[PDB]
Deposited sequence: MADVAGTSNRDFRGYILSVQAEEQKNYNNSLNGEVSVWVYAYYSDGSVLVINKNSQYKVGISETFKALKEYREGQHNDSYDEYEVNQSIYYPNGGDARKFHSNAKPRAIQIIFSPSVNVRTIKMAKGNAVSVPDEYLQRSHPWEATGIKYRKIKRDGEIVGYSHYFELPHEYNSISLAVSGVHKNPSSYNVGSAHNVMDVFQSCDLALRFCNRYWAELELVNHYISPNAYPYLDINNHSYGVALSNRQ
């Protein structure tokens, strides 16, 4: 039965394309609000990717925690996060890769997750995160103008869901995205 043989080769092709510098890097930022709703920002791009946003009070519902998820093509050692005491004393970012846990399905890494809670005093949070594709040629700058174009070509998506259950059933599962829910259940699709 060759239907089986061809399918398994095709997954190996997909992995090698994703691990090539033509593979995308994807990042998701989940903001968990006091009313149980979830805001998600997703950005997808080539070479590197990042999100910078202010999560403010909503319809008031307040943000209580954050989960950042990267696709497995990121080099976790390049992950950097900025959070916004006085300006004369601030460091531009922290390298937070060590705080990311591996999300797995069927023994394969489907993503990397950093969850953290916001102190109860907060009514909003300003947050930026950035990561670089893990391909060994990432720090060998293909032409720089190619990376400049990648910045313009990055696509951003923002959605809000009434409850995590609805995020999981109408956003995570149908799109085959990696995720870790409130009960520590893993989601995603192994290649």
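In sequence order, the gaps in C-alpha coverage of the deposited chain fall at 1 to 10, 70 to 102, 128 to 134, 192 to 194, 245 to 248.
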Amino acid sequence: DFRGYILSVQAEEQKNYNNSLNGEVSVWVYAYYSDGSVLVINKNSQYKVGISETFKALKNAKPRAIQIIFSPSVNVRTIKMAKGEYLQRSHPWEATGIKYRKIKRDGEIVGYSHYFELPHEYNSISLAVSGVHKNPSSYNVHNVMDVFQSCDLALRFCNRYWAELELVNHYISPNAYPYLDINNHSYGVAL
From here on, numbers count along this sequence of modelled residues.
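Throughout, rigid core stands for the largest set of C-alpha atoms superposing within 1.5 Å between the two forms.
The stretch that strays farther, by root mean square C-alpha distance over structures and residues in 5 other deposited structures of this protein after a rigid core fit, is 124 to 132, when 124 to 132 is set against 34 to 42. Of 17 to 25 and 171 to 179, the stretch whose C-alpha atoms sit farther from the shown form in 5 other deposited structures of this protein, after fitting on the rigid core, is 17 to 25. Stretches 158 to 166 and 126 to 134 differ in mean C-alpha B factor, with the higher average recorded for 158 to 166. Just going by the entry, 25 to 33 versus 61 to 69 on mean CA temperature factor gives the higher value to 61 to 69. Of the residues listed, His91, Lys80, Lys104, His114, the entry assigns the biggest Cα temperature factor to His91. Of the candidates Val38, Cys151, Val141, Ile51, it is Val141 whose Cα B-factor is highest according to the PDB record.
Per the PDB record, residue ranking by Cα B-factor puts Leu118 in the highest third of the chain.
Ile109: CA B factor lies in the middle third for its chain, per the PDB record.
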